[PDB]
Amino acid sequence: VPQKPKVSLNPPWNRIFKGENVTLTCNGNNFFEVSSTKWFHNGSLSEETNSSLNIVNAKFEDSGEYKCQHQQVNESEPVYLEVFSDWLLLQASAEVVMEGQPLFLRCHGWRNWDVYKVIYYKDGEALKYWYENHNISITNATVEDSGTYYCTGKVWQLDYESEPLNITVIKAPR
Ligand SMILES: *[C@@H]1O[C@H](CO)[C@@H](O[C@@H]2O[C@H](CO)[C@@H](O[C@@H]3O[C@H](CO[C@H]4O[C@H](CO)[C@@H](O)[C@H](O)[C@@H]4O)[C@@H](O)[C@H](O)[C@@H]3O)[C@H](O)[C@H]2NC(C)=O)[C@H](O)[C@H]1NC(C)=O
Ligand SMILES: *[C@@H]1O[C@H](CO)[C@@H](O[C@@H]2O[C@H](CO)[C@@H](O)[C@H](O)[C@H]2NC(C)=O)[C@H](O[C@H]2O[C@H](C)[C@H](O)[C@H](O)[C@H]2O)[C@H]1NC(C)=O
Ligand SMILES: *[C@@H]1O[C@H](CO)[C@@H](O[C@@H]2O[C@H](CO)[C@@H](O)[C@H](O)[C@H]2NC(C)=O)[C@H](O)[C@H]1NC(C)=O
Ligand SMILES: *[C@@H]1O[C@H](CO)[C@@H](O)[C@H](O)[C@H]1NC(C)=O
Ligand SMILES: *[C@@H]1O[C@H](CO)[C@@H](O)[C@H](O)[C@H]1NC(C)=O
C-alpha cells in the first residue's frame, strides 16, 4: 500500500526566508532497492540524483513544487516550498494535518534574529493562552485548531506582523 516516496524537509519548514537552507529527502519502504533518484522542481527534472536534494541560500526562484520519484514506484506526492523576504515568517510543521497528528507553529525572525513579545493570532483573535510559550506546539491536533494564523513580534527593536497562513486539520472518515 505505501507505494510512493514521501518527501520530508529538514528543517520541516516549507516556508523559509531568502538565503536560508533546506534539505529535501526522498525516503520510502526499502522493498525495492534504490541506487538513484529523480527530482522534479516545478515539474522539470533536476540534475540531482542523490536521495537528498539540497537548497543553499534559497533564492525566490527556488520556491515552487518539489517531488521525487524512484524506479518501479509511483510519483511522490508534491511538496511546496516558498521563499519569503520579510521581518517575520510564520513557519509550520505542516500547513495541513490529519486530526490527531502534531501541529507545530513558529514565529521565525529575519536572519534568525530572536523575536520578543510574540503573539499568535488564530482568525484575527489573539491566542492568549499561548502567550507564555515562544512558539506553538500541539501534540494532538483538532479540527477546531483550523483557521488563519499569523504572528506579531518585536525584532531588533521594532514591531512587525507576519503574513497570515491558513491551516486546516481534517476530520478523518473511514
Ligand atoms: C517554481 O514555481 C513557483 C510557483 O509556485 C515560482 O515562484 C515564484 O517565483 C518568483 C520569482 O522566481 C517570485 O517572485 C518574486 O517575489 C518577490 C517577493 O515579492 C513580495 O513583495 C512584493 C512587494 O514588496 C509584493 O508585491 C509581493 O506580493 C511579495 O509579497 C519579489 O521581490 C521578486 O522581485 C519576485 O517578483 C514569486 O513570489 C514566487 N511565487 C511563490 C508562490 O513563491 C518559482 O519561481 C518557480 N521556479 C522555477 C525555477 O520554476
Ligand atoms: C502505484 O499505485 C497504484 C495505486 O494507485 C498501484 O496499483 C496497483 O497495481 C497493480 C499492478 O501493479 C494492479 O493490478 C492493481 O489493480 C493496482 N491497484 C489499484 C488500487 O489501482 C501500484 O502498486 C502495485 O504495483 C506495483 C508494480 C507493485 O507490484 C505493488 O506491490 C502493487 O501494490 C503502484 N505502482 C507501483 C509501481 O508501485
Ligand atoms: C546556508 O548554507 C551555506 C553553505 O554552508 C552557508 O554558507 C557558509 O557560510 C559560512 C559562514 O557562516 C562560510 O564560512 C562558509 O564558507 C559558507 N559555505 C558555503 C558552501 O557557502 C550559509 O551561511 C548557510 N546559511 C544559513 C542561514 O544556514
Ligand atoms: C496523541 O498523541 C500521541 C503522540 O505523542 C499519540 O500516540 C496518540 O495516538 C495521539 N492521539 C490521537 C487521537 O492520535
Ligand atoms: C486563506 O483562507 C481564506 C479563508 O479561509 C480563503 O478565502 C483563502 O483562499 C485561503 N488562502 C488560500 C491560498 O487558499
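Numbering starts at 1 and runs along the chain as it is shown here.
Cβ atoms are placed via backbone N, Cα and C, with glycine included.
Here's what Swiss-Prot has on this protein:
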DISULFID  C26-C68  disulfide bond
DISULFID  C107-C151  disulfide bond
DOMAIN    5-85  domain 'Ig-like 1'
DOMAIN    86-168  domain 'Ig-like 2'
CARBOHYD  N21  N-linked glycosylation site
CARBOHYD  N42  N-linked glycosylation site
CARBOHYD  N50  N-linked glycosylation site
CARBOHYD  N74  N-linked glycosylation site
CARBOHYD  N135  N-linked glycosylation site
CARBOHYD  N140  N-linked glycosylation site
CARBOHYD  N166  N-linked glycosylation site
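Using a 10 Å Cα-Cα cut-off around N135 (N-linked glycosylation site), the recorded positions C26, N42, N50, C68, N74, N166 reduce to an empty set. The recorded positions shown are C26, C107, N140, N166; of these, the one with its CA atom nearest the CA of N74 (N-linked glycosylation site) is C26. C68 (disulfide bond) sits 11 Å from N42 (N-linked glycosylation site), taking the Cα positions as reference. Nearest neighbour of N50 (N-linked glycosylation site) by Cα distance, taken over the recorded positions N42, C151, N166: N42. Highest Cβ count within 10 Å among the glycosylation sites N21, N50, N74, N135, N166: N135. Taking the Cα of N166 (N-linked glycosylation site) as the reference point, the closest of the recorded positions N21, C26, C107 is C107. Taking only the Cα positions, the spacing between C26 (disulfide bond) and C151 (disulfide bond) is 31 angstrom.
The C-beta environment of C107 (disulfide bond), restricted to residues of the same chain at least 6 apart in sequence and closer than 8 Å, consists of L88, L90, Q91, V115, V118, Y120, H134, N135, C151, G153, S162. Not a single one of the recorded positions among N21, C26, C107, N135, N140, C151 has a C-beta coming within less than 6 Å of an atom of ligand 1.
In this view, the densest Cβ surroundings among the disulfide-bonded residues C26, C68, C151 belong to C151, judged by other Cβ atoms lying within 10 Å. Taken through DSSP, the domain 'Ig-like 1' (5-85) splits into 3 helix, 36 strand, 42 coil. DSSP places the residues of the domain 'Ig-like 2' (86-168) in helix, strand and coil in these numbers: 9 helix, 40 strand, 34 coil. Cβ-based neighbour count (10 Å, all protein chains) for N42 (N-linked glycosylation site) stands at 11. Non-local contacts of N140 (N-linked glycosylation site) by the CB criterion (under 8 A, 6+ apart in sequence, same chain) comprise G100, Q101, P102.
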